[PDB]
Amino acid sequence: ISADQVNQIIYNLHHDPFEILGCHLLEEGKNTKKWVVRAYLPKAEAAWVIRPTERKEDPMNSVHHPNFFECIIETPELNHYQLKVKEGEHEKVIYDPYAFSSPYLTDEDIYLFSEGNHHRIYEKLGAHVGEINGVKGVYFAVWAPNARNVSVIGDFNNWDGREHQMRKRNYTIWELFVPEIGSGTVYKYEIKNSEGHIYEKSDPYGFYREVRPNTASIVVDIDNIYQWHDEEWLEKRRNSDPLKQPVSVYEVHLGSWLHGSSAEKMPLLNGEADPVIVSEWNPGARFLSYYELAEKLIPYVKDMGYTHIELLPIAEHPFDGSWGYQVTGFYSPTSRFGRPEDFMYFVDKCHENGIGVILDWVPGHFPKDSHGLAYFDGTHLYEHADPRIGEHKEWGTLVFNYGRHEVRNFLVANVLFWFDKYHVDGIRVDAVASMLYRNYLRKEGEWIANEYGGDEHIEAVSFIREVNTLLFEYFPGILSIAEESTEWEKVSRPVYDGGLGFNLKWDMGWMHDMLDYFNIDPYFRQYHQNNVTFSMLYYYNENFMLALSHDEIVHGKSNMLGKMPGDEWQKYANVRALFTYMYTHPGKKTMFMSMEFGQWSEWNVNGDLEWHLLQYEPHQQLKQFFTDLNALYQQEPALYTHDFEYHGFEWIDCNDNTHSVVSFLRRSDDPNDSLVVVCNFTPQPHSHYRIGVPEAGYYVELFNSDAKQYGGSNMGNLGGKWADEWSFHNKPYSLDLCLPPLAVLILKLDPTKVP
């Protein structure tokens, strides 16, 4: 380009910067094409064009001005890129602000979508504020290839669509531009199918929705409602390996953590809305907004010391009792708790306080509700038409057709959507088996095999691989967590090694061993020592997340205290011993709200947590316990650097089943960070109990779950102990310990202590 064209951009004289900025074709070769990307990045010294799906990166060069950049790239198609922008010591990675010159669908958009490869389809499908023919308005577009007609109905035409009939393009997508309406417009699509029957649909790609049970979509100007402050958090995430960090997750259902009074409005970020009553049976209570949750949940979690919050599904969902797992509005955060900008604020505030956000994401099915995706255009559009692969009959839901390109694209782009517009740090996918198996909860004769005669749902496996491949490429450093309950291999290994591509998997076997173990009367635990140690046999086949989740404190399973045998003191002691063991055992950590303060009753999604219990000392002490355990977790590298390497763990001894005692080492990069952990899983203390240790010195008591400030009886080693030169458990040195009752000790050699 010429210096005069550059100067016209720099001094804001240019008539249309899209002519020059963004991506433009320079020429066609035989097998490839040559493109230029340009950007004006005031305050950037350097920049790069990332092609994350091709694994390439190209530097940009300054041209005529130090902040005007150009990059020439040869490739057949330049559809998927990002800009990396360096301003002083900081980098950010963004989509090109000049990627799309128009609000309407181009031929390229339609072609990529038809192939299932439009990573940003939600920039053009749904409803967006823009300008067409010189007039400001909203562009609507919806995929519905077998509809006979579609119209936009809404507040602006009194729900009569006759003069807002949409125009069909390439036999596949309906569009319409409506002048002079803007954000806040309430609308649906009125679809006529092949039979002539008329229905009303929420926008599949809608960005906001009325409060359940109403279902009209609402137009949002999603790039102009919130200003973020988390560049530094995002840069740090992109540059780190989250597998080598502490990850302690507080799992939360937003609708039932804490309620407010329905006698007042719900405050929002600079505004307010009517209260959303939690149910007709409990009309005095309302949900808290995302804004109120940012003000109360976030400091509560920060002060507990968790590194992440994991949310049960916040995509829009019509029925409270699904807990979120039956979604019909995939592209909108639930209006139960306010507006999209309120949830953006929530995320931004987590990031400011050093907390990541993991979303439960539900690509596995969707319910039949008629406002939603079902039978969308009068055909089996989103769901497979054959109920043997297209319905989960036991659940009453429909299963997406993962092999259909536009359906795959709906979901692939959806996962990217949450990382792009809402800045989240990970996803967790529930019930992955339900997607992977063609015979899932289906009896003989009621499913069919894949094309090779197997049970593998080939299209689902392929979809899942694509999700994880693209997620990590576009947003490196995130968490992608699977719960998969049948022994499928390599769930949390790279797609290039034959894996499904997650980086963490819930260790469901471990959860069952532990909760079955601690439920057994302590005298009988000697017959079940294997529960304590079995999971370390297959542990290195995946990267495990140790999760004690919501699903384990409902439906008559009891909350944590209630699972435990004995009197009140022993119930608390068992909870502390179990969780000290969970936090010292290899793997990342997840626990669910209410577990951290000893709620007696099961989680009940129609009320909120029993916060009044925190008036009383026992509950306060257990909460302090978790507060201190989380701090210890972040402070001791051997609890997190080598979770997934042999070096990070070794049993010292586990043959004392008779006393239900086990002991082990944790290690990190530095040998002086090594820990010794000793567990006593009966209420019988032991007085001069020897444990081998690998070196001489003074082993400081870092943590003792029987300390009185945790509710314990206060037995212990008085702060530490000198090792003896007394071979034991095949080790040259040994500690002669007091083992407190129903308790775990964590010890660390201080090699600078003087004898």
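Numbers follow the displayed sequence, beginning with 1.
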Pick between 580 to 588 and 672 to 680: the one whose mean CA B-factor in the entry is higher. 672 to 680
Report the stretch with the higher mean CA temperature factor, choosing between 657 to 665 and 352 to 360 on the basis of the entry. 657 to 665
Maximum C-alpha temperature factor, selected from 310, 473, 280, 551: 280
Among 175, 251, 272, 320, the highest C-alpha B-factor in the PDB entry belongs to 272
Against its chain's modelled residues, does residue 690's Cα B factor rank lowest, middle or highest third? highest
Using the B-factor values recorded in the entry, state whether the Cα atom of residue 739 falls in the lowest, middle or highest third among the modelled residues of its chain. highest
Which third of the chain holds residue 41 when residues are ordered by C-alpha B factor: lowest, middle or highest? middle
Can you tell me which third, lowest, middle or highest, the CA B-factor of residue 59 falls into for its chain? lowest
Where does residue 702 sit by CA temperature factor within its chain: lowest, middle or highest third? highest
